[PDB]
Structure formats: C-alpha cells, structure tokens
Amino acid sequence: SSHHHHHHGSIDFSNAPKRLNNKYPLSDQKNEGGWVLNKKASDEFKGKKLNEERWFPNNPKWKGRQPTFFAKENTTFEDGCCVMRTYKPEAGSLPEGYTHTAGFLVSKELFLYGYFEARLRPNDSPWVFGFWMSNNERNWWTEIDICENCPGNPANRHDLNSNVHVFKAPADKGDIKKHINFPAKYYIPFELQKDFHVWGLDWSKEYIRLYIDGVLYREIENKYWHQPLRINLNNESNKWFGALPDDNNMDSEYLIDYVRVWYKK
C-alpha cells in the first residue's frame, strides 16, 4: 500500500464556503439538504466541565495503543473548547507497556447516517488527533476515520488523511472475516496544526462524503457502513504516523471548539 507516500490530489480552498451561520453544516450553510440540528448530541463545549450525560469521560472499551493510555484528567474545558493534553506520569504509575496519557471522549448516543462536523485545532505534538466514529457490537465492527492525523510530526504537516474500516461483518452485512480498510491521503497547502479547521461527514446509505473547511475532498460508495456508530474524540500513539511520545514536545493542546450533528427532516 502506497498511502504513506501517495497524495491522490491536492485540495483547493480558494472557493471554500464562507461561514454564514452556526446552525447548519459548513458545506451546506443554506440548508439545501433539509437538515435539522440534533440538540441532544451536539456540543459547543462551553463552561468548565464535561457534560457527562452526553459523553463518557474516557474510552470504556479500549485502554489505548501502547505507549499512550487514555485518562479522564487529560480532558478539560476552557474558553469555549474541549482541551486535550498529553502527560508523562511518574515511572511505574501506568499499566505495563504504557508511559504517557492522553484524553478520550465517547458519545453516549449512537448514530446511523446524518451530518457530523467538528471544529478542531490540532496539537503540535507527536500524538494523532482524532474525530472519528466506530462501533464493535455482536461481531459487527466498523469505523469511519473522519479525522485521524498527526501534523505534530513535522514530516506530516501538509497531509490530510482519510480511512474507513470493516474489521468484521456477519454474512448478511458484507461477510467480512478479515480486516479491510481504504486509506487515502491528500495534499493541503497549509500546515494543518497552525489553525482551527472544520471536518465534515455527510453519511448516507449511498455515500460517505468527507469535507474539510466545507470543501468536498473524498466520496466513498457506502458498501459496508450501515452500522450505528459512536463519536470518538481523542489523542493516541501510532507508529505509522511517527506518532510516538517526545518528552521534549508534549506540552501542546488539542482543541475541540464544537461537535455538531444533524439529521434529515
């Protein structure tokens, strides 16, 4: 697989949609899609505390990819953002194989189709930042990686990654016995970590459509992704991105301004 090197194309932002309102998707500000805001699941992240009726404060099903262990204390709320930090606790404090901590939130709600959007300021540190959706339930396990990137590794500053996975699917839902995925990366003309950007997903029975700052950059025929999914926000380690801890570069912040969810009227 060539996706460590291959930019399929570049993404042009000269005609990118202007922000007109905070009521509809950035890629559809005039609401041609007939969207309705999901007020249960959407979060503007105001205040100083997690809404723990809406979110789990860590990941109950995954401790983390070594060497980074998900912890509740790494996620705080400041100036209208969820803020995720990375720490190195004292030696011996974490379970075997783990040396650093990162934050993780999982939605208590499950979703099937709709528009999903998050405004994100990446951490400038060698941890992947993630806004993605997944579910592992009754031997059906699928995942949509709206945003899985690590510009905090300077070699990756101009990459925009995307992927979708089927880890397993029963006979009547795709019949997948071996993990399959479909990664694709694109060139972006700015360094991803410098500013907030808006990731969008228009997920329908027919297509997965992915948007960056309102610009469509990938379309996927929706063959397999018909399973309800939870929303995940987190930092993690991943050797593939060169996303391994750096004790001299771990003081950055992953900022989530909002998560917005819409359904069809």
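Residues carry their position along the shown sequence, with the first being 1.
**Q** Which of the two stretches, 1-9 or 254-262, shows the higher mean Cα temperature factor in the record?
**A** It is 1-9.
**Q** Would you determine, from the values in the PDB entry, which of 167-175 and 79-87 has the greater average C-alpha temperature factor?
**A** The recorded data point to 167-175.
**Q** Check the PDB entry and point out which of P154, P122, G103, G114 has the largest C-alpha temperature factor.
**A** Comparing C-alpha B-factors across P154, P122, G103, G114, the maximum falls on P154.
**Q** Going by the entry, which of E148, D195, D159, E109 has the most elevated CA B factor?
**A** In the PDB entry, the greatest C-alpha B-factor among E148, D195, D159, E109 is found at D195.
**Q** With respect to C-alpha B-factor, does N181 fall in the lowest, middle or highest third of the chain as deposited?
**A** According to the entry, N181 has a C-alpha B-factor in the chain's middle third.
**Q** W203: which third of its chain by C-alpha temperature factor?
**A** CA B-factor rank for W203: middle third.
**Q** Within this chain, which third does the Cα B-factor at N58 fall in: lowest, middle or highest?
**A** Within its chain, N58 is a middle-third residue by C-alpha B-factor, going by the deposited values.
**Q** Mind checking which third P67 falls in for C-alpha B-factor across the chain?
**A** Answer is middle: the recorded C-alpha B-factor places it there.
**Q** So where's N232 on the chain's Cα temperature factor ranking, which third?
**A** Within its chain, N232 is a lowest-third residue by C-alpha B-factor, going by the deposited values.
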